Each structure stands twice: as structure tokens, then as C-alpha cells.
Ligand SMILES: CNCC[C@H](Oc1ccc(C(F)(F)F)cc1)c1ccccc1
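Quick setup: one chain, the form deposited without the named molecule, written in C-alpha cells, and binding and motion questions come after.
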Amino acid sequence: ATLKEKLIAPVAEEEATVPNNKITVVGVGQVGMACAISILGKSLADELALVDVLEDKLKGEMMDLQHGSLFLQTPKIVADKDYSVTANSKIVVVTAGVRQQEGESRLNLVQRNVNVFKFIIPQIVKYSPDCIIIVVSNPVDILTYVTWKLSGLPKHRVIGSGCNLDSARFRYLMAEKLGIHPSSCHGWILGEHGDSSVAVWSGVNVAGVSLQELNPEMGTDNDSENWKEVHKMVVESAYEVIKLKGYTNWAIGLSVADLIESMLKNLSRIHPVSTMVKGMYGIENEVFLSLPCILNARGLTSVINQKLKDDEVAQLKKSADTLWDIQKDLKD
């Protein structure tokens, strides 16, 4: 007479549920699943929705996650090619589209991914008009600009995963040189998540001790041992990892979960993520690139005004120019 009927007696009317913290991940490839597992691992969603054009793959992924439910704290995991499954998401993570082939610039993916975005972004906003969108697909800064224009969402609700990842890499490498935890090394990689990123040497410090003060040659061509190479390693890292295993995913998955945690827990932590920087540091157009931003439940609510050195501002502007040159010709 129905398992449930007999065993479970209702105290409240049957009625409507509605996820408080529903997250959607679009794209169930390497990056998508890594974000998904990291999100689940930290119990950040009470509902996880997945979307992809590959129906079988999408279903298999859902089922595999569902089978590990005993070990998780996410009561509902759903998956469909139709965006109606993403309704009422607080956060949508977009990792859908093509990735770099070996040695390929992220900037070379632009047209293919813009085509993808033009089609899926409107479906996303239709079903969650008040969500926050975390853009991850490459090139991430330009795609965040693209998402902003297509979605019609406010700036503080369209965020590029950006240099949160580059900065974690930088902090890891710095840590390795000093023999301490990356959380105790402070340093910011800003600008494009790509070849034109900028190391803010003037802010690199341990326990408040400015490394640039200790080594005024930090970041130059005349440095003993030997910073610039550290920034070069950050720049090259995706290519080196792609050459070895075909793609990257674990670090970006962790990076994404870290941003989500700040926002779903309303913490107001600072992260270098991609936002609209017109009017900052002499940038004249609607360029998106990473700066230290404050993240909480409203999304990206603030940017940190820094006192960048002239060479730092110069490299930032150069990064802004590289990006704007591509953005400026994007067609609608």
C-alpha cells in the first residue's frame, strides 16, 4: 500500500520545498565535475543541477554522484539538457564549451565560445533571473564581459573565476620557496587570466613583511633568486599541465568552490576575480579583468583600490589593452 504511506506519517502538509542554496553547473566535462565534487565535498549546495548537451554522459555523471550521496549532504542532484532543471539557482557555474588544445592561447577560443554563450546564457537567466553567474569557460575575462552583456544582470552578479586560480598558484610557488603554507604567503596576480597577467610585487609579503622592501630588485631583470621566473611559471602553468595530462581541473574546481563558499556564507572575503574595470587605473573601456574584490551573498560588491607601482599600472593597462582589442570587435 505504498512503502512511504505506511511507514512515514506526515506532520506537515505534503507541499512545496524550494532549494535555499541551489547551485547549477553547466558543462559536465573535466572542469564541471571537478567544481561539482568540490561543491559537494564542502556541502555548499542543498540542490545541485547539471546541464550539458551530452545526454548520456550527463545522466551517468548524475547517477555516480547520487551513488555517493551517503557520504554527502546534498539531498537533491538533478541533470538535464533542458534548462528548466536549473530554475531558482542561487549560483550558476558555466564551464561549457571548448578548452585549449596543446599550446593554444585561451584567446583563440573566443569565437567558438561566444557562440556557445550566446545560446545558453539567455536560457540560464530565463530560469534563474536573480542568480549569480560564475564564468569559468575560456577566455574567462572576455566571456564574463560577454555574459554580462547577454544576461542583462548587474555587474556584481557576473563574475569571472579569473585570477583566483593564478594567485593560488603564485602563493603555492612562493610557499614552496619559503617552506610555509600558501595561506601564510600573500601575493596577488591580477589582470587577464592568461599570458598578460600581472604580478603585484609591491604587495607580496609574509606576516606583513614586504618582500619587495627586502629585495627592491624583486620582479626585475637584475634579481638574485629570482622572482620573475615565479610569475613566468604561473603564466606557463596551464600550458605545462595541459601538455602532461590534456587539461586542468582539480585546482580550478577548488578555486571555484572557494568563491562559492565566500558568497553562500556571506563572508565578504577578498578574491582576485574578473570584474568590469572601466575608470580604474586609467582604463577607458568596459574591460573585464581580475582585481581584488569583496565577495558575499550579493555577489561581487566591492573592489579594492590599490597603490600600484608605475610599472604595475603599466602592465595592468597592457593587459587591459590586450583584452579590449578582442572585446571591441565582438559582434551581436
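Between two forms, the rigid core is the largest collection of C-alphas that superpose within 1.5 Å. In this text, residue numbers run from 1 along the sequence as written.
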After fitting on the rigid core, which stretch moves more in 4 other deposited structures of this protein, 106 to 114 or 201 to 209, going by C-alpha RMS?
-> 106 to 114
Comparing 222 to 230 and 182 to 190 where Cα RMS over structures and residues is taken in 4 other deposited structures of this protein (core fit), larger one = 222 to 230
State which stretch shows the higher mean Cα B factor in the entry: 281 to 289 or 58 to 66.
-> 281 to 289
Comparing 32 to 40 with 300 to 308, the higher average Cα temperature factor in the PDB entry belongs to 300 to 308
Out of 194, 216, 253, 160, which residue has the highest Cα temperature factor in the PDB record?
-> 216
Among the candidates 205, 224, 105, 237, give the one with the maximum CA B-factor reported in the record.
-> 224
When the modelled residues of the chain are sorted by Cα temperature factor, does residue 319 land in the lowest, middle or highest third?
-> middle
Ranked against its chain, the third holding the CA B-factor of residue 125 | highest
Sorting the chain's modelled residues by C-alpha B-factor and splitting them into thirds places residue 179 in the highest
Would you mind checking where the Cα B-factor of residue 155 ranks among the modelled residues of its chain, as the lowest, middle or highest third?
-> highest
Chain-relative CA temperature factor third for residue 81 = middle
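Not pictured, yet referred to below: the form solved in complex with the named molecule.
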The named molecule in the bound PDB entry: contacting segment from 258 to 266, 144 to 152, 175 to 183, 219 to 227, heavy atom within 4.5 Å | 144 to 152
Close approach of residue 65 to the named molecule in the bound PDB entry, 4.5 Å, heavy atom = no
Hey, in the bound PDB entry, does residue 276 get a heavy atom within 4.5 angstroms of the named molecule?
-> yes
Flag residue 156 as yes or no: does it have a non-hydrogen atom within 4.5 angstroms of any non-hydrogen atom of the named molecule in the bound PDB entry?
-> yes
